[PDB]
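> Experimental structure below, sequence on top.
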Number of protein chains: 2
Amino acid sequence: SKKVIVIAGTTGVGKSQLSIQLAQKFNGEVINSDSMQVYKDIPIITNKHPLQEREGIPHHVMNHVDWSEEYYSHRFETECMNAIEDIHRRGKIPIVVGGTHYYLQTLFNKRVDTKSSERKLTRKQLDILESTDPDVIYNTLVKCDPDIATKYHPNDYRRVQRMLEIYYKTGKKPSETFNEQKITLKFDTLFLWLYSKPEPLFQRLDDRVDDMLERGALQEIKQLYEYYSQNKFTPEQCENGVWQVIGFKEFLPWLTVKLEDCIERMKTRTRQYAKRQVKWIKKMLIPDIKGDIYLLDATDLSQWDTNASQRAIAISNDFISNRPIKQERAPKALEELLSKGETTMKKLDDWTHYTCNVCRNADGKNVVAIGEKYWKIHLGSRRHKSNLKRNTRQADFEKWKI
Amino acid sequence: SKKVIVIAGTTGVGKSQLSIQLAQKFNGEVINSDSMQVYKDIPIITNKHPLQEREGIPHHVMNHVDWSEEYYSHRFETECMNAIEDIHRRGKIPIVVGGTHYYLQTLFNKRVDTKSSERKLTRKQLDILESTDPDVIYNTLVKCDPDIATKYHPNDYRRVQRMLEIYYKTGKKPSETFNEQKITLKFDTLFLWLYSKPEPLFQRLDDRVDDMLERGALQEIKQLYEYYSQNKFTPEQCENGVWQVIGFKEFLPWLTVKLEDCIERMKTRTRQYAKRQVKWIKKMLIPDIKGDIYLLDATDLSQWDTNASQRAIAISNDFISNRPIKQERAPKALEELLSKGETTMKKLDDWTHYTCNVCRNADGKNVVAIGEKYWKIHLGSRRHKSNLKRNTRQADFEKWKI
RNA sequence: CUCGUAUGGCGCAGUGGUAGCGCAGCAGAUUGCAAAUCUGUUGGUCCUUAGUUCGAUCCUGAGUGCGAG
RNA sequence: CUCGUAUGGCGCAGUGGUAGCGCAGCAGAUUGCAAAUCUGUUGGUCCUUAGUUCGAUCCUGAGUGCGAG
Ligand SMILES: [Mg+2]
Ligand SMILES: [Mg+2]
Ligand SMILES: [Mg+2]
Ligand SMILES: [Mg+2]
Ligand SMILES: [Zn+2]
Ligand SMILES: [Zn+2]
């Protein structure tokens, strides 16, 4: 009965705090899921409650990757899948905690294997793959497997390129692979959503940036700018590694109310990450695991012990005890959060493309709407209204000539 | 990949009526589950849509059994599995329905493989298995694997006996087998719960019995008593076959007011089945498939086309189209029906046994409560109150003699 | 006119001293029998009355409801 | 009292004919980069008021808040 407990949510609710209670209380090792904490030390700014608070619970896939390195999906795909191994073969229950919920796709069938195949990537194929022009690599995909071709935009470099590579290396179009995909989840899992109202969670996430300088956010980033030298690397790769952490790039140009230049920006970047996190849980995660998840009202921190702690244990208990849970799944307060309307409903289903002939971006290309709902939006945007007006307006230069 | 569309619900909405609407628009075979439709003709009373409005839709597992045969959970566990095969390899899709929701338990990993190891039980083992006394075969189980032993009552013949046979034939205790059981479901499934209010569904189920005589319920049962005469199946083989169908035993005295004797009884038996059906879906099915099911308000039959038909297609559609459904999963009206409280909550979790020393049934044995909740109930039942009262009295006289 | 019977929603057992069984109902169970099987439990205080009595559902008479020649 | 000056949520441009830019904010995508990357979009009656001009956000008269001796 390979069971696995997963804690999802925005930072500022107590995930790395609950993962501790649900650790010894049920014998488990906590795995990480932050495309930041994996980088050697440099805590505080990268968030990670002091070691003397992990209650001796062996964490995995975190604090080990070197600054002058890059962390990708695959990396976690194996490093995580691996930690689960050890934790399992040790009668201990894994507890995956993390903000990059994209990585949660590993805990269940959703990845495309691309290594066991030796499809000789002929020169002609690579030239198309490693092409400088985005539309030429797209049209190629449009031909072979036009299905998946529509699910993406002709400007989605990373995406279109990824799909074609799959068609080439595996031979079998990626459209079919998905049409007959397991989608099931490995190891019986228990998803816990430790959510918190936006307004408060925001006020907290900001006072968290303030009191973040006191703990030594200064030295943190300062010790970060130090590694910046003795190596040198222009923004050609100095914006994809530890560099992303909130506080580095903010004081980067401020080191070649001037304080606000970095303060307000930091507090902003934080919220953005949060907002997206929620979006991914609501539009991706939840819908995929078919609304099977348990919310935890973390809005009021003065009731966390009863609204998130106590509640968590109970739920987590029956989960491990192989006994069906009796918990309502979500407090009446945060009830709509799981409703199809606040989740799956926000998804996209109409992929039919649309092209506006009277509008185009800087790249010269005409605008490309995807979906009736959105195609109709463009046709109503000031943009379209203006181009359409000065169009029929530049035409009125004929009446005054004929 | 291979998908299936089950249709649960009592017998007073249109499960068979809708199983057709979908089986066509989405191309599929309607696998039956009702343990009554699986008998040569005799439909007018065993209920099963006539070929008239059949619209040439293929129906499996039904009408293939003869009056003289005892159908069980295995013959279905095989026939169904086979029927689905054909459908899956014929460019179609299984549209399973049925009334005996128990059998649907086969649509996933649950049962044990007590076939591979056809090990022969030593005389000593069989003697214990095929014992006449229920407590002696139970104590045996209490010893080897006391875990599963508590999940049952010392009077649960069929149950306790079945568990022991699993321990013997497989060697591995049934307690562990369940503690590490898949529980997952084979083939992506879509459960549709075509429910309807109790009051109305009852009024309908009864006018159903009335107009049931007109279609020829008389000849139906009459042609049933005819098969009775041959070999004249004594009350030995009268509860293991078509015999149990409504009308048979009901009108047995009408062939050895006198009309109500069978009328009221019939209408009653009907409701009983319905009530239990709902309970199984609410306490068993739903909880198991983790509240993943779609209700369909069939209370008002004047809105069926919109509340059950239209709605069903839509949901069914995205299901097959491999697109996550956007349907609210259950109309605000019938909302509590899926709530943990109206389902999983009704389950039993405290299995600790309890014995009353002042109470015993006809079998002589003392009462055996299972679970605090219920142990406390017994301690307050009139039964206990009386035995406890007439006890202190016929025991206080001794306290008087001296 | 002759005679028994006249108890939980219905069909029944039963004792001078304060009551039961099955059906139904409610409820739990269900990992080859599930329209089966198992388990628990809510309803009467014995048609009405006056007496017979230390006290009657069970005793006597009667008003009354059914069963018969 | 004499001069600067107020343009969408924040900061800035800008033209005689009825407006932009960066940043926020909102929305969609995501099956080896995801704190990435891609795509779409809502905000102002250009301070108030009165005039020359056919036209006023940009010219002129004061009007009001803000800043300057
Ligand atoms: Mg933390
Ligand atoms: Mg007396
Ligand atoms: Mg003044
Ligand atoms: Mg922006
Ligand atoms: Zn346009
Ligand atoms: Zn008792």
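Nice, thanks for sending it over. Residues are numbered from 1 along each chain as shown, chains lettered A, B, ... in the order given. Ligands and ions are numbered 1, 2, ... in the order given.

> Find the closest residue to RNA strand C in chain A.
Closest to RNA strand C within chain A is residue A:322: 8.8 Å, counting by C-beta to the nearest atom of the strand. The way it works is simple: take the backbone N, C-alpha and C, and place the C-beta from them, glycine included.

> Next, count neighbours for that residue.
Residues lying near residue A:322 (other C-beta atoms under 10 Å in any protein chain shown) number 14.

> Could you identify the longest helix within chain A?
Scanning chain A for the helix with the most residues, using DSSP state H, yields helix A:260-280.

> who does the helix or strand that that helix is followed by touch, helix- and strand-wise?
Downstream of helix A:260-280, the next assigned helix or strand under DSSP states H and E is helix A:286-288. Contact analysis of helix A:286-288 by 3 or more C-beta pairs under 8 Å, 6 or more residues apart in numbering or on different chains; DSSP states H and E lists no helix or strand as a packing neighbour.

> what comes into contact with helix A:286-288?
A:108, A:110, A:183, A:193, A:293, A:338, A:343, A:344, A:347, B:324 (C-beta atoms under 8 Å, 6 or more residues apart in numbering or on different chains).

> repeat that with 10 Å
A:8, A:104-105, A:108, A:110, A:183, A:185, A:191, A:193, A:280-281, A:292-293, A:337-338, A:340, A:342-347, B:324-326 (C-beta atoms under 10 Å, 6 or more residues apart in numbering or on different chains).

> cool, stretch A:201-215 as well?
Outside stretch A:201-215, the residues that reach it (C-beta under 10 Å, 6+ apart) are A:9-13, A:43-45, A:47, A:50, A:195-198, A:217-218, A:220-221, A:246-247, A:263-264, A:266-271, A:273-275, A:278, A:298-299, A:301.

> Likewise for stretch A:375-383?
By C-beta under 10 Å, 6+ apart, stretch A:375-383 touches A:350, A:352-356, A:358-359, A:361, A:367-369, A:371, A:384-385, A:387-389.

> Now do the buried residues in that stretch.
residue A:375 (16 or more other C-beta atoms under 10 Å in any protein chain shown).

> Does that stretch reach RNA strand D?
Yes: if you take C-beta under 7 Å from any atom of the strand as the test, stretch A:375-383 does meet RNA strand D, through A:377, A:378, A:380, A:381, A:382, A:383.

> measure that stretch end to end?
13 Å (C-alpha to C-alpha, to the nearest Å).

> mind checking how far that stretch is from the chain centre?
29 Å (C-alpha atoms, centre = their mean, to the nearest Å).

> which residues pair with residue A:192 across the strands?
residue A:7, residue A:294 (DSSP bridges).

> repeat for residue A:3
Residue A:3 forms beta bridges with residue A:188, as assigned by DSSP bridges.

> follow-up on the earlier one: mind listing what's buried along the longest helix of chain A?
So, applying 16+ other C-beta under 10 Å, buried residues of helix A:260-280: A:262-263, A:265-267, A:269-271, A:273-274, A:277-278, A:280.

> swap in stretch A:344-357?
Under 16+ other C-beta under 10 Å, the buried positions of stretch A:344-357 are A:344, A:345, A:354, A:356.
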